[PDB]
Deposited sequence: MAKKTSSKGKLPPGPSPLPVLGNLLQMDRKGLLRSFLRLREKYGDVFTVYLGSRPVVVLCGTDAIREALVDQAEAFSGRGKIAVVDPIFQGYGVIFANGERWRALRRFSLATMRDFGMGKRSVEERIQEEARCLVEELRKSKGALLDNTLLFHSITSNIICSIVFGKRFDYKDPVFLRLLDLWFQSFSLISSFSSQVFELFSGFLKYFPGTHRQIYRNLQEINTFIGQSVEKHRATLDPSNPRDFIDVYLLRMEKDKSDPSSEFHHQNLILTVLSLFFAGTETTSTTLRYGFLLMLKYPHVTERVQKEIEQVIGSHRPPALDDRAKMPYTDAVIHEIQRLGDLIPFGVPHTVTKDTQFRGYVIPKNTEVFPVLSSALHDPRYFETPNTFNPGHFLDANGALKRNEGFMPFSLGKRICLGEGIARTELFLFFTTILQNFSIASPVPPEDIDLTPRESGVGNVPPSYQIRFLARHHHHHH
């Protein structure tokens, strides 16, 4: 009754029908054969794979609650163990999500993003126009924003202890997108006994948990229940309220893992999107010029951009949409499960079967985008130059599990891109026609080639 596919071997499942290139290539290749909705055995796990906008919208939107389950990621589960906002299920997840969503909604995020943008620009000025790899600074700005939500403070770009933690934090993401972590996904049950990247990822995340732990103790020692400082204070106050209710999800472990969860989901993606954006802006100066004129028209050279400006800036907004679409940072999504026995396009997905919504195949869907493989902001502009947003576009995914940080994420993109370009034009040792957009490391995260850039102060 499950969707069609290749016949598993016991233990090894569909290994022999997969592709050396990795999971995504594996999935797209099977789709050719079996259509938009097939079953692949990873290890001995059946997994149902959703391809194309329509099949995805059909599960995540038309059957929102069936498909609201969350799956495991083999390399990080030893850490999260189903705790915290991302990997929680059922009542745990509702409580954590509802809580998180409200807490981060309540200085405003926009104000903090603005002030971060100002530090960033102040920093770039110092270089005086020197070649520069922007990965570190982009890591720094994105982590700072989470740090201010979570810890109620930010770090200076040259702070060495901060940079030490950043180094290991970010080194974890490439390890998670590594080929061998993909292999670990399939045969962790065997491979968890031997050395591998799973142990490095474990150590790295735990080091970060420990840091979080200390921050929590310090938060409590200093707490003023009248004026909550950040997410941690607000969580502590809710721990206290639930002191005498043992069925409450508001314990210490969900506190550490939720804070980690926010770092885990809101740093590398946003940071890389930014870095991909600038790689596209080096490649297509005609676009970057256009965005700068649009900034000149709407904002001018003087005040900082604010979120308000975006709705008056359709071309930029279209460009940012197009950056995320092409960037394609999480290409087969974050695993789901079905909360119950599900009827789907003729098939039956047993309760707790895993679903992979192949987001990439939306972002590249030729029904919705004329030139799926070309950077064309056109995909988001109608005949009047107004922004039109389409069904193809789903980089934060859809339905009940939609990115819990969508608004934060988009605000960072809009305000970082627009505050930077407002003060800087850009250039690079590599000619635009020679710039290559093909990712170096592809996994649960895509990763674009590293490059150098100059941020040249304007007028």
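- Missing from the model, by position in the deposited sequence, are residues 1-9, 116-120, 474-478.
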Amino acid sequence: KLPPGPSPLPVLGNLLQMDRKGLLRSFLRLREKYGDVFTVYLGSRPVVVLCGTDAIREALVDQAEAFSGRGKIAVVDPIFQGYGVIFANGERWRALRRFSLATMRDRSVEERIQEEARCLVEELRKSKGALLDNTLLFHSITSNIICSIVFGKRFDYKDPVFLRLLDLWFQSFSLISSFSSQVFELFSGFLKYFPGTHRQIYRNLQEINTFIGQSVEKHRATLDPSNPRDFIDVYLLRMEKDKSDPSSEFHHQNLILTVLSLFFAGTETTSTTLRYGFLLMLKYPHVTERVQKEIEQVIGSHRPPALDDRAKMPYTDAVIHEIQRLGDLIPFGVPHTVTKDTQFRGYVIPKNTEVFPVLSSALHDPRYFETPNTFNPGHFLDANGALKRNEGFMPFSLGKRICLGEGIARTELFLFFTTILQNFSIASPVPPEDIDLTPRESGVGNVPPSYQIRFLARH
From here on, numbers count along this sequence of modelled residues.
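- In this crystal structure, the stretch out of 55-63 and 395-403 whose C-alpha atoms carry the higher mean B factor is 55-63.
- Comparing the deposited coordinates for 269-277 and 121-129, the stretch with the larger average C-alpha B-factor is 121-129.
- Of the candidates 30, 426, 408, 415, it is 30 whose Cα B-factor is highest according to the PDB record.
- The top Cα temperature factor in the record, among 312, 303, 325, 218, falls on 303.
- In this PDB entry, the Cα temperature factor of residue 390 sits in the top third of its chain's modelled residues, the highest group.
- Per-chain ranking of the deposited C-alpha B factor places residue 339 in the highest third.
- Per-chain ranking of the deposited C-alpha B factor places residue 169 in the middle third.
- Among the modelled residues of its chain, residue 317 has a C-alpha B-factor that falls in the lowest third, as given in the PDB entry.
- Sort the chain's modelled residues by C-alpha temperature factor and residue 200 lands in the lowest third, per the entry.
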